[PDB]
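Below you'll find the structure, written out as structure tokens, and then a few comments.
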There are 2 protein chains.
Amino acid sequence: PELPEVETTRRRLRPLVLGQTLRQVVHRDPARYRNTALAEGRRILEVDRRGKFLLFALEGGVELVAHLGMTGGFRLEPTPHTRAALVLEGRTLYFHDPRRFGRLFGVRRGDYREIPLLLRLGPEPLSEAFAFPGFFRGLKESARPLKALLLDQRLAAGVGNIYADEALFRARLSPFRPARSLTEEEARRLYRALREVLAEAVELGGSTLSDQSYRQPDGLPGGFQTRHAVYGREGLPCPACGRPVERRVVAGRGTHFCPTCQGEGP
Amino acid sequence: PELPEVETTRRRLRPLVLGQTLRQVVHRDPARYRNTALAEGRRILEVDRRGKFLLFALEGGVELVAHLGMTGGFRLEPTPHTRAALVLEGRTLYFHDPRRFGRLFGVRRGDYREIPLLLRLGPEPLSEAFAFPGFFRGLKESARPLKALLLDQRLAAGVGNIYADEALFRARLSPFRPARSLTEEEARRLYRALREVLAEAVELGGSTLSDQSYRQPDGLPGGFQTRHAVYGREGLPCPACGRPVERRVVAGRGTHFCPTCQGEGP
Ligand SMILES: [Zn+2]
Ligand SMILES: [Zn+2]
């Protein structure tokens, strides 16, 4: 679940939760679900998103921050691996998290000292805060692989494997070359590709694949998967040159790409 | 402060905080003021008292429990020893506490796992629930000194040194005799005296001793100390027989009494 999936969740949850009192946050894991008691007995005023985090604005200056990791998603009905429940006046949201990567943080509005990942997040890719000047600066400030850097979310929040892979293919750039090795012309292509890929994905309700671990609360599948050029298409023809898409796993991280179009491969 | 001082605080504060939004509980001592963030951003629905505890009932099923201790008190103006502040929309309450014995507890309504005393407190002395049969039975089961049973609070919630001493004098009973040694007639006198002294102390707004430690919220002193017969009057004339009031200490525990009038005197 990346920015497009989480943004879709935010948009779909608003109609179902705005105005409702969050009666209780039921769970049995104070290590992963921190200070949730702070959020109880408060009316939900809004649902915001920062990166991949979901932030429920609660009456009285409090926020319930949700980290939807890599499985953790909210459902309208309980599941065998539901680890927490947000009990509202009219309905209940169940936190489906098979691999316990999810997190919840009851905090005073804006106080993210205990949420390091949220604290260092770069600007919102689809906002005016994500400007090319700063983007270019950040790239030249790093010698690490271009892909890896994008995943750190310091240059752009919410970017994961799917969209980094699709943006790199769109911009025709190797995911493995040094970030600072990019020319202004190239960096500009990636800047645009990243923004266009993310925007399109949001418009199509995100991507929905096989395992489909992550599901939207209404169960409506996304449609950006129909635009995937490389992600999840290993062995299939590159949509540009027909060459079989390659999937290389480096440092435990899998990356889809076309060796020909992205200047890599054997 | 004992039941009378705490009750006076409750009565004085209610007209000032009822219906007000508790915006924040300001302090920098999480050791003594625990989970206060739980109470923030909630309207104050009531200010209850159980024994010597003050409880602010907050919208959303939360309670801010306050234990004053030896020198704790809420003031309408800040003091050199203010340890915390309850910032309301219309005003601010300051928790004055020179000796730092006071404590604050933010808790879900009813969850007194951290304040067990609050769960075992006996009936409220000035209530229909405080009955003689139970009181008498409670005394007949103890070989411990009468006064110790008045301080237990499982028998008489809210009673401390001042009112135990004063009740015992009014009832003309030895503070040091075994609780069980009392006859039913003696027990009935102590029962009545205890209730009258507390009721009277409440009427006069609590007791402001020599240390001038206790003061109502606005700063005005209580006025029951003028009715004191033996407390804080060691060496002064008993008001009934003119003999010098004595003060026996038991392991850091003073007890004022008239030897002659209260069946003692060696
Ligand atoms: Zn290709
Ligand atoms: Zn006397």
Side-chain angles (χ1 to χ4, degrees), chain A residues 145-147 161-177 182 185-186 189-190 192-194 196-197 200 225-250 254-266, chain B residues 145-147 150 161-177 182 186 189-190 192-194 196-197 200 224-249 254-266:
Chain A
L146 180 55
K147 170 75 181 295
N161 289 308
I162 297 179
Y163 304 100
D165 284 11
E166 292 295 314
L168 290 166
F169 172 83
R170 227 111 182 294
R172 299 287 193 281
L173 298 174
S174 166
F176 320 99
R177 62 185 285 189
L182 296 190
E185 183 173 352
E186 288 175 318
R189 297 212 305 277
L190 182 65
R192 177 173 178 179
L194 209 60
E196 293 194 352
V197 166
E200 298 174 59
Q225 7 74 307
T226 67
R227 303 295 182 64
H228 288 183
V230 296
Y231 187 78
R233 303 190 67 257
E234 174 180 48
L236 298 181
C238 161
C241 73
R243 178 177 190 175
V245 175
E246 207 79 59
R247 170 173 190 280
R248 224 159 68 191
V249 179
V250 189
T255 297
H256 301 72
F257 68 99
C258 170
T260 299
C261 295
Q262 293 170 265
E264 286 286 336
Chain B
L146 189 52
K147 184 181 178 178
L150 293 188
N161 282 310
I162 294 181
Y163 301 106
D165 285 8
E166 291 298 302
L168 288 166
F169 172 77
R170 189 166 297 191
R172 301 295 195 281
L173 295 175
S174 171
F176 320 101
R177 64 186 286 186
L182 285 188
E186 284 178 329
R189 286 217 301 284
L190 184 50
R192 182 177 164 183
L194 192 50
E196 297 180 61
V197 175
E200 284 174 35
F224 186 77
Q225 63 276 7
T226 65
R227 300 290 199 67
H228 289 185
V230 301
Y231 189 83
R233 303 189 63 256
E234 181 186 13
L236 294 301
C238 166
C241 75
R243 176 178 177 177
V245 174
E246 297 192 8
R247 174 171 173 280
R248 283 239 283 281
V249 197
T255 295
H256 303 70
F257 70 103
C258 172
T260 301
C261 291
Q262 292 175 272
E264 287 299 80

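Computation of the quantities below employed the complete heavy-atom set of this structure, encompassing side-chain atoms and omitting hydrogens, waters and symmetry-equivalent molecules. Order of appearance sets the numbers: ligands from 1, and atoms from 1 within every ligand. Chain naming here is simple, since letters A, B, ... match the order of the sequence lines and numbering starts at 1 in each.
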**OP:** Return yes if some donor-acceptor pair links the side-chain N/O of B:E186 with the main-chain N/O of B:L173 below 3.5 Å, else return no.
**Re:** no
**OP:** Please identify each residue that fulfils side chain to side chain contact (heavy atoms under 4.5 Å, CB included) with B:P259, with sequence neighbours left out.
**Re:** B:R243, B:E246, B:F257, B:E264
Original post:
Closest approach of B:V245 and B:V230, non-hydrogen atoms and distance?
Top reply: CG1-O, 3.7 Å
**OP:** Rounded to the nearest 0.5 Å, what's the gap from CZ on A:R227 to CD on A:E166? Could you check?
**Re:** 11.0 Å
Original post:
Listing residue and atom name, which protein N/O/S atoms are closer to the Zn ion (ligand 2) than 2.8 Å?
Top reply: B:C238 SG, B:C241 SG, B:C258 SG, B:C261 SG
Original post:
Do any pairs count as a salt bridge (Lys or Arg N to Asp or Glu O under 4.0 Å) and have a residue in residues 167-176 of chain A, sequence neighbours left out, and if so which ones?
Top reply: A:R170-A:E196, A:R170-A:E200
Check: residues 231-242 of chain B side-chain donor-acceptor pairs under 3.5 Å, at least two apart:
from: B:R233; atom 1: NH1; to: B:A229; atom 2: O; distance (Å): 2.8
from: B:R233; atom 1: NH1; to: B:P237; atom 2: O; distance (Å): 3.0
from: B:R233; atom 1: NH2; to: B:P237; atom 2: O; distance (Å): 3.0

